[PDB]
Amino acid sequence: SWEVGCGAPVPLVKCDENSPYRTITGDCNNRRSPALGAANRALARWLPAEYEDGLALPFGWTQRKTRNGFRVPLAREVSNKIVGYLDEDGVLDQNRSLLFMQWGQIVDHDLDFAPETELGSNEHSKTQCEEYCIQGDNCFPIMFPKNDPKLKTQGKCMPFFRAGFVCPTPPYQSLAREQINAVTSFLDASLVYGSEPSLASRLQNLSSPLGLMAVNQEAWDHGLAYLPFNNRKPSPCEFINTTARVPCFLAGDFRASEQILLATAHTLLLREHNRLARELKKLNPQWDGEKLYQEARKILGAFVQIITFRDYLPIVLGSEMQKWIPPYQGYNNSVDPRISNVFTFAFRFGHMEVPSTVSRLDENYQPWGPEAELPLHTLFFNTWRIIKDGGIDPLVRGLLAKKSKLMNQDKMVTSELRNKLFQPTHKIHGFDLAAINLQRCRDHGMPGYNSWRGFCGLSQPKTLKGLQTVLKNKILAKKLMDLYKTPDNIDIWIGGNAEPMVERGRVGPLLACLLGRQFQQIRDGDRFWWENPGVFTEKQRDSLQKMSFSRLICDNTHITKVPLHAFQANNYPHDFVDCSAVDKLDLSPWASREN
Ligand code: HEM
Ligand SMILES: *[C@@H]1O[C@H](CO)[C@@H](O[C@@H]2O[C@H](CO)[C@@H](O[C@@H]3O[C@H](CO)[C@@H](O)[C@H](O)[C@@H]3O)[C@H](O)[C@H]2NC(C)=O)[C@H](O)[C@H]1NC(C)=O
Ligand SMILES: *[C@@H]1O[C@H](CO)[C@@H](O[C@@H]2O[C@H](CO)[C@@H](O[C@H]3O[C@H](CO)[C@@H](O)[C@H](O)[C@@H]3O)[C@H](O)[C@H]2NC(C)=O)[C@H](O)[C@H]1NC(C)=O
Ligand SMILES: *[C@@H]1O[C@H](CO)[C@@H](O[C@@H]2O[C@H](CO)[C@@H](O)[C@H](O)[C@H]2NC(C)=O)[C@H](O)[C@H]1NC(C)=O
Ligand SMILES: *[C@@H]1O[C@H](CO)[C@@H](O[C@@H]2O[C@H](CO)[C@@H](O)[C@H](O)[C@H]2NC(C)=O)[C@H](O)[C@H]1NC(C)=O
Ligand SMILES: [Ca+2]
């Protein structure tokens with residue numbers, strides 16, 4: 001049996017072969033099958049999907065349906081018993097800057113987004129779901145287990161809506177349900193430019209032929225650009241402080257305002273596009289408005305890639321880097337560049353790297369003002385602290401000089417995210433990202449832990465003693481067993497994250513494998529990979545190889561002191577040097593010598 005057909009919600013457009021620029025949607029990257037790695041299509045299944053009813057119901061939907069003969073435990077109950085911790089002392093990655101957490105979220109955002117199903121704005125699937133906690137259709141509420149303190153203050157559940165799926169977004173009934181990636185699978189700064197035409201243009205400055213992205217005309221940062229604000233009302237950035245009335249930003253990606261440091265990095269990207277475009281017109285004064293946009297956008301895309309594969313992945317994998325991402329050997333069109341459904345959970349290792357507070361630091365890197373450090377939760381959907389506090393600048397210094405959270409088998413996810421998450425259609429700082437992630441694993445039909453162990457050539461523990469051995473942790477294993485009753489039922493997010501953290505890396509073996517494999521394909525199956533012969537000239541590639549996040553900071557802020565290796569843990573002033581000492585990006589090689 002088999003089904004190749006289904007790809008109905010897609011406008012299938014021309015591929016201008018030889019074009020030297022990526023499309024916005026990601027179509028036409030791969031020539032044999034030009035929908036490969038395009039946005040708005042069904043994420044890839046490395047392993048057949050696993051639902052309660054074979055088709056679409058997330059294990060845990062039916063109380064009289066076991067998984068392998070055992071009920072699956074409530075997501076919130078796994079959160080409470082395994083994921084949570086009280087004492088934030090001692091949980092600071094000694095050798096990773098806070099930038100390390102933040103880049104990961106940036107890369108994640110470039111690569112995947114599975115939007116909640118939306119059949120109703122003015123429809124009571126939302127209200128009935130939130131108010132009365134009745135599971136049905138796309139309402140899959142996260143129920144509190146006996147003894148939960150949120151029972152006392154928040155109700156019977158936290159709302160949760162099932163992710164969008166292809167074919168139709170009303171129910172289906174032939175193939176297994178397949179969730180959508182709404183963004184492009186190819187690491188191509190789609191978070192900045194958008195993955196759809198409608199937005200990419202709306203993002204553009206089509207008032208002038210300079211190839212610039214649209215900037216805030218309401219607020220400014222020492223004459224440095226801010227991102228435009230967004231249309232949407234209701235606005236959750238507004239709802240955060242209804243007095244200040246500062247809305248969310250508008251970026252290539254809709255999540256850019258989830259937290260202030262994400263919105264900051266987005267700032268650390270729009271700026272550079274425009275810097276790059278201005279420098280480019282200055283040099284090639286005959287170039288189109290379009291041409292300037294595309295060639296900046298190309299260089300930016302190349303920056304995301306280089307920072308990611310040269311600086312980030314080596315330190316997020318460790319020992320396994322070489323085992324899954326051998327040095328580049330060219331473009332391979334037989335490679336599938338699609339983001340897999342499991343990767344979208346594996347990449348959520350980042351959630352254990354988020355610490356409980358964010359600092360603003362002045363130019364001696366000392367607290368900035370009387371409220372320099374804030375609880376992370378007061379910063380979900382918070383632009384106003386950017387616009388009417390300090391710059392971006394103090395936050396970027398914090399990104400450099402403060403540390404990531406270290407994942408810890410006994411202190412997984414800070415309560416800032418585990419109890420205080422703010423959703424943008426629900427009025428409280430009262431949600432649990434960990435619960436949500438577990439529920440979503442089930443929503444998405446994920447195979448369990450041991451299925452992924454087996455996929456990656458690793459042992460598949462069956463017996464509580466065997467699980468202790470894999471996780472080198474008696475007590476964690478015990479709680480996992482007590483709750484799941486068989487490692488085969490352990491949800492991939494929590495299983496993958498429970499494994500000790502490799503060597504020199506920040507993920508376990510199961511994750512290294514899932515992540516390495518996805519990034520290898522991201523790298524090998526992209527026709528516009530920066531390092532693919534043809535995409536850039538050898539000259540051009542000699543200039544791009546010197547880019548650095550440091551350099552990005554220098555050219556787009558008024559920070560004049562940065563470390564050389566920004567992802568590592570760095571302290572001021574010892575690990576910092578002046579922007580003078582820090583390599584520039586030399587665009588001589590972009591000179592259009594059509595003569
Ligand atoms: C708030 C949130 C963060 C920080 C303050 C945060 C951080 C990260 C990092 C650092 C990631 C990678 C290193 C990462 C990956 C992914 N996240 Fe996550 N994250 C915050 C909040 C959320 C929320 C909310 C979601 C949606 C949850 C849902 O299932 O309903 C979320 C998701 C993800 C995600 C899946 C994205 C997708 O493909 O749709 C990651 C890969 N994060 N986060
Ligand atoms: C903190 O983690 C850093 C990385 O953030 C650790 O050091 C990294 O380890 C690599 C080895 O793979 C080193 O890179 C090597 O350096 C030589 C030149 O001496 C160069 O030819 C290559 O680039 C080579 O890979 C390097 O020390 C470092 N890498 C980077 C990018 O910083 C470090 O061990 C940890 N720091 C502390 C204080 O423990
Ligand atoms: C909602 O946003 C408000 C800003 O839009 C914020 O209030 C701001 O923060 C403090 C509160 O006093 C003020 O900072 C200083 O203001 C002047 C300095 O010129 C001093 O008189 C004060 O003592 C103070 O140090 C901001 O000026 C202030 N602005 C306003 C209009 O109050 C709120 O705190 C935000 N509220 C929430 C719940 O997030
Ligand atoms: C689109 O670009 C035009 C041309 O630069 C912008 O107009 C400039 O705006 C800046 C402030 O943003 C001021 O110097 C002048 O108003 C214009 N400068 C020049 C040299 O003409 C316009 O702001 C941009 N529009 C948007 C919405 O970003
Ligand atoms: C591109 O990648 C694919 C991986 O799927 C390679 O194709 C496989 O190559 C191995 C060894 O030659 C064979 O055993 C497989 O059966 C091949 N499968 C297919 C579909 O071709 C391919 O060799 C790689 N190409 C390059 C140039 O590296
Ligand atoms: Ca992308």
# chains A, B, ... in the order shown; residues from 1 in each chain; ligands from 1
>>> residues_around(residues="residue 390 (chain A)", least_positions_apart="5", cutoff="9 Å", atoms="only C-alpha atoms", output="count of residues only")
5
>>> residues_around(residues="residue 321 (chain A)", least_positions_apart="3", cutoff="10 Å", atoms="only C-alpha atoms", output="JSON, numbers by chain")
{"A": [309, 313, 314, 315, 316, 317, 318, 324, 325, 326, 327, 505, 512, 513, 515, 516, 517, 520]}
>>> closest_atom_pairs(of="chain A", to="ligand 1", cutoff="6 Å", atoms="only C-alpha atoms and all ligand atoms", output="tab-separated table")
residue	atom	partner	partner_atom_place_in_ligand_line	distance
A:101	CA	ligand 1	10 (C)	4.6
A:102	CA	ligand 1	10 (C)	5.4
A:104	CA	ligand 1	13 (C)	3.7
A:105	CA	ligand 1	11 (C)	3.9
A:108	CA	ligand 1	41 (C)	4.8
A:112	CA	ligand 1	38 (O)	4.0
A:113	CA	ligand 1	39 (O)	3.3
A:114	CA	ligand 1	39 (O)	3.9
A:258	CA	ligand 1	1 (C)	5.8
A:259	CA	ligand 1	5 (C)	5.7
A:344	CA	ligand 1	41 (C)	4.6
A:345	CA	ligand 1	41 (C)	5.9
A:347	CA	ligand 1	41 (C)	4.5
A:348	CA	ligand 1	15 (C)	4.2
A:349	CA	ligand 1	13 (C)	5.9
A:350	CA	ligand 1	13 (C)	3.3
A:351	CA	ligand 1	8 (C)	4.9
A:354	CA	ligand 1	4 (C)	5.8
A:436	CA	ligand 1	29 (O)	5.6
A:437	CA	ligand 1	29 (O)	5.1
A:440	CA	ligand 1	29 (O)	5.1
>>> residues_around(residues="residue 584 (chain A)", least_positions_apart="6", cutoff="7 Å", atoms="only C-alpha atoms", output="list in words")
residues 546, 547 and 551 of chain A
>>> write_last_selection(atoms="N, CA, C and O atoms", output="PDB file, in the first residue's frame")
ATOM      1  N   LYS A 546      34.837  34.878   7.625  1.00  0.00           N
ATOM      2  CA  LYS A 546      35.329  35.667   8.758  1.00  0.00           C
ATOM      3  C   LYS A 546      34.196  36.253   9.610  1.00  0.00           C
ATOM      4  O   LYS A 546      34.474  36.852  10.659  1.00  0.00           O
ATOM      5  N   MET A 547      32.933  36.072   9.176  1.00  0.00           N
ATOM      6  CA  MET A 547      31.794  36.617   9.917  1.00  0.00           C
ATOM      7  C   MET A 547      31.820  36.012  11.306  1.00  0.00           C
ATOM      8  O   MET A 547      32.462  34.988  11.514  1.00  0.00           O
ATOM      9  N   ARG A 551      31.106  40.297  15.493  1.00  0.00           N
ATOM     10  CA  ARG A 551      31.123  41.279  14.466  1.00  0.00           C
ATOM     11  C   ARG A 551      29.699  41.765  14.235  1.00  0.00           C
ATOM     12  O   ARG A 551      29.473  42.966  13.988  1.00  0.00           O
TER      13      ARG A 551
END
>>> select_by_dssp(residues="region 289-455 of chain A", states="helix (DSSP H, G or I)", output="VMD selection string")
chain A and resid 289 to 317 321 to 324 343 to 353 376 to 379 384 to 387 393 to 401 415 to 418 433 to 443 449 to 455
>>> residues_around(residues="residue 573 (chain A)", least_positions_apart="2", cutoff="9 Å", atoms="only C-alpha atoms", output="PDB file with C-alpha atoms, in the first residue's frame")
ATOM      1  CA  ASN A 364      31.007  48.610  32.055  1.00  0.00           C
ATOM      2  CA  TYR A 365      28.754  45.484  32.042  1.00  0.00           C
ATOM      3  CA  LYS A 561      33.620  45.598  23.482  1.00  0.00           C
ATOM      4  CA  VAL A 562      32.844  41.914  22.735  1.00  0.00           C
ATOM      5  CA  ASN A 570      32.772  35.102  28.854  1.00  0.00           C
ATOM      6  CA  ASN A 571      33.421  37.644  31.626  1.00  0.00           C
ATOM      7  CA  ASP A 575      37.340  37.864  27.918  1.00  0.00           C
ATOM      8  CA  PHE A 576      36.298  41.059  26.072  1.00  0.00           C
ATOM      9  CA  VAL A 577      38.281  43.040  23.468  1.00  0.00           C
TER      10      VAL A 577
END
>>> closest_atom_pairs(of="chain A", to="ligand 3", cutoff="7 Å", atoms="only C-alpha atoms and all ligand atoms", output="tab-separated table")
residue	atom	partner	partner_atom_place_in_ligand_line	distance
A:240	CA	ligand 3	39 (O)	6.8
A:241	CA	ligand 3	39 (O)	4.8
A:243	CA	ligand 3	1 (C)	5.4
A:244	CA	ligand 3	5 (O)	3.8
A:384	CA	ligand 3	5 (O)	6.4
A:388	CA	ligand 3	5 (O)	6.3
>>> write_last_selection(atoms="N, CA, C and O atoms", output="PDB file, in the first residue's frame")
ATOM      1  N   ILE A 240       0.175  42.595  27.820  1.00  0.00           N
ATOM      2  CA  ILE A 240       1.189  42.411  28.884  1.00  0.00           C
ATOM      3  C   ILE A 240       1.271  43.604  29.848  1.00  0.00           C
ATOM      4  O   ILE A 240       1.415  43.437  31.047  1.00  0.00           O
ATOM      5  N   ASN A 241       1.228  44.800  29.292  1.00  0.00           N
ATOM      6  CA  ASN A 241       1.140  46.021  30.054  1.00  0.00           C
ATOM      7  C   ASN A 241       0.214  46.984  29.280  1.00  0.00           C
ATOM      8  O   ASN A 241       0.682  47.771  28.451  1.00  0.00           O
ATOM      9  N   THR A 243      -1.196  49.667  29.880  1.00  0.00           N
ATOM     10  CA  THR A 243      -0.782  51.062  30.056  1.00  0.00           C
ATOM     11  C   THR A 243       0.208  51.513  29.018  1.00  0.00           C
ATOM     12  O   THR A 243       0.091  52.609  28.470  1.00  0.00           O
ATOM     13  N   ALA A 244       1.242  50.707  28.803  1.00  0.00           N
ATOM     14  CA  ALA A 244       2.374  51.139  27.967  1.00  0.00           C
ATOM     15  C   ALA A 244       2.027  51.104  26.466  1.00  0.00           C
ATOM     16  O   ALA A 244       2.658  51.793  25.660  1.00  0.00           O
ATOM     17  N   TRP A 384       7.849  46.541  25.371  1.00  0.00           N
ATOM     18  CA  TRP A 384       7.929  47.816  26.038  1.00  0.00           C
ATOM     19  C   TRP A 384       9.235  48.036  26.808  1.00  0.00           C
ATOM     20  O   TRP A 384       9.758  49.143  26.803  1.00  0.00           O
ATOM     21  N   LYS A 388      11.002  51.499  25.819  1.00  0.00           N
ATOM     22  CA  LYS A 388      10.966  52.508  26.884  1.00  0.00           C
ATOM     23  C   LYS A 388      11.710  52.068  28.153  1.00  0.00           C
ATOM     24  O   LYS A 388      11.214  52.278  29.279  1.00  0.00           O
TER      25      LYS A 388
END
>>> residues_near_ligand(ligand="ligand 4", cutoff="12 Å", atoms="only C-alpha atoms and all ligand atoms", output="count of residues only")
34
